[PDB]
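S.K.: Residue numbers (the authors' numbering), protein chains in the order written: chain C, 896 to 972; chain C', 896 to 972; chain C'', 896 to 972; chain F, 1142 to 1183; chain F', 1142 to 1183; chain F'', 1142 to 1183. A prime marks a further copy of an entry chain.
All C-beta atoms in this analysis are idealised placements derived from N, C-alpha and C, irrespective of residue type, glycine included.
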Amino acid sequence: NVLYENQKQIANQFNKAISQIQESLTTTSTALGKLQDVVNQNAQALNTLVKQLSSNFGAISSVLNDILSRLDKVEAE
Amino acid sequence: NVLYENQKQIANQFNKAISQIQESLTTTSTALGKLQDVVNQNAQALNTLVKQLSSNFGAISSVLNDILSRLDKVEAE
Amino acid sequence: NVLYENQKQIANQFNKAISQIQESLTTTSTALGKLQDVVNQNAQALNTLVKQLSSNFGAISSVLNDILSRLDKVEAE
Amino acid sequence: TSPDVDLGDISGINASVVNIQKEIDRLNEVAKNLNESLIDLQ
Amino acid sequence: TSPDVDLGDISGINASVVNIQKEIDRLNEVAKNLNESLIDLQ
Amino acid sequence: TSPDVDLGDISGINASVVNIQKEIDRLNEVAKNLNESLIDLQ
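#1: Is the CB-CB distance between residue 956 of chain C and residue 1148 of chain F' below 8 Å?
#2: Which chain C' residues are close to residue 1157 of chain F'', counting only those with a beta carbon under 7 Å from its beta carbon?
#3: For the candidate residues C':961, C':948, C':910, C':969, whose alpha-carbon lies nearest to that of residue 1151 of chain F?
#4: Taking the alpha carbon of residue 925 of chain C as the point to measure from, which residue in F':1143, F':1165, F':1160 has its own alpha carbon closest?
#5: Please decide whether residue 929 of chain C' counts as near chain F, where near means a Cβ-Cβ distance under 8 Å.
#6: According to DSSP, is residue 972 of chain C' helix, strand or coil?
#7: Check whether the stretch 937-953 of chain C'' and the stretch 911-918 of chain C touch, using three or more Cβ-Cβ pairs below 8 Å as the test.
#8: I want to verify the contact list: residues of chain C whose CB lies under 8 Å from the CB of residue 906 of chain C', in sequence order.
#9: Mind pulling the chain F residues with CB within less than 9 Å of residue 967 of chain C'?
#10: Measure the alpha-carbon distance for residue 1142 of chain F' versus residue 932 of chain C'' and round it to whole angstroms.
#11: Would you verify that the beta carbon of residue 896 of chain C is, or is not, closer than 8 Å to some beta carbon of chain F?
#12: Does residue 1164 of chain F'' have its Cβ less than 8 Å from a Cβ in chain C''?
#13: For residue 937 of chain C'' and residue 920 of chain C, I'd like the C-alpha separation in whole angstroms.
#14: Are the CB atoms of residue 930 of chain C' and residue 941 of chain C within a distance shorter than 8 Å?
#15: Quick check: is the beta carbon of residue 1152 of chain F nearer than 8 Å to any beta carbon in chain C?
#16: On the DSSP letters alone, give me the boundaries of the alpha helix (DSSP H) that residue 1158 of chain F sits inside.
#17: Are the C-beta of residue 1174 of chain F and some C-beta of chain C separated by less than 8 Å?
#18: Starting from residue 1165 of chain F', follow the alpha helix (DSSP H) in both directions and report where the run begins and ends.
#19: Note down, in chain order, every chain C'' residue with its Cβ under 7 Å from the Cβ of residue 901 of chain C'.
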């Protein structure tokens, strides 16, 4: 009754607390998933950006060199 | 006394362990906040970068085309 | 025997559950470490990118201005 | 007659922002709520 | 005789992707497994 | 008389690094410390 209800005290708490812990674990899992998704999207964005930039600098380089060569010749004649 | 102290064993542990778990939850929360802040700052940085780059490529494009047209005409006369 | 095994019920669960919680904490720690590593690598990548881009725009600016000045003079004579 | 340069348009590249504030806040709350999951053995 | 422009090659700059799916999934599992760590006091 | 090109200066754009090592390490420690929160029922 007294020390039989002392074993019923432990049980009500441990049960309720496990309910809180289970919730904390799924919340943590959800937060980690949301971070993984954005981290990876932004990685992709950056890599796409580098591709396009590397293309554009190739073109710019080539055109600048051509212009410089053309202008050299036009100034030398 | 013996099995009355057996219910006092369970309580000292469960209390101390909940103290550890509570700490683990706030530590996890702090870590997630620090990651959210940096992820978002770096997103912002990237977006600012794209803005400025898109501006600069517009200008570069326009100037290159003008130069090419000008040089064409100067070479054709 | 009955309420002495009621204190042996609590112990088997609390032990097994702490084993699950300990695992959840190290799993969370591992996940956070993997996110920190990628976040920081990608920060580094972005900063390296800005360095190189700032170099390249300096050069492009300088060359464009030189070409424009040269072409101005060639058109004015 | 020189062709247009035609650089690629990068203005559609976008980085996303994350929102886990709900989760962060909830973790702090669950930690505070484990106070009344503590035993008083009397 | 104008020297080549010589821009820097940025094509080796790479962002990495993260893989924590194993961990995310495992957290959900450990949460579900704490069901049979619950007491039935009889 | 052609005006200067005047490109925008991007050199102030900076990505930040995160430091959660304290937290990562502490999680591993709290896990190890839950060993002496285990019961020996005797």
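M.R.: On the basis of the data shown:
#1: Against a cut-off of 8 Å, the Cβ pair of residue 1148 of chain F' and residue 956 of chain C comes out as a contact.
#2: Here the neighbours are 933, 936, 937.
#3: Comparing Cα-Cα distances from residue 1151 of chain F to each of C':961, C':948, C':910, C':969, the minimum goes to C':948.
#4: Of the candidates F':1143, F':1165, F':1160, F':1165 places its Cα closest to the Cα of residue 925 of chain C.
#5: Not flagged as an interface residue toward chain F: residue 929 of chain C', since no C-beta distance is shorter than 8 Å.
#6: If DSSP states are grouped into helix, strand and coil, residue 972 of chain C' belongs with coil.
#7: Using a C-beta cut-off of 8 Å, the stretch 937-953 of chain C'' makes no contact with the stretch 911-918 of chain C, since fewer than three inter-stretch Cβ pairs fall below that distance.
#8: Going along chain C in sequence order, the residues near residue 906 of chain C' (Cβ under 8 Å) are 905.
#9: Neighbours of residue 967 of chain C' on chain F, chain order: 1142, 1143.
#10: Each residue's Cα considered, the two are about 48 Å apart.
#11: With 8 Å as the cut-off, residue 896 of chain C does not count as an interface residue toward chain F.
#12: With 8 Å as the cut-off, residue 1164 of chain F'' counts as an interface residue toward chain C''.
#13: Looking at the two C-alpha atoms, the distance is approximately 28 Å.
#14: No; because the gap between Cβ atoms is not below 8 Å, this pair is not in contact.
#15: Judged by the 8 Å Cβ criterion, residue 1152 of chain F is not in contact with chain C.
#16: That residue, residue 1158 of chain F, is in no alpha helix (DSSP H); it is neither H nor E in DSSP.
#17: Taking Cβ atoms only, chain C reaches closer than 8 Å to residue 1174 of chain F, which makes this a yes.
#18: From DSSP, the alpha helix (DSSP H) with residue 1165 of chain F' extends over 1162-1174.
#19: The answer, in chain order, is 902.
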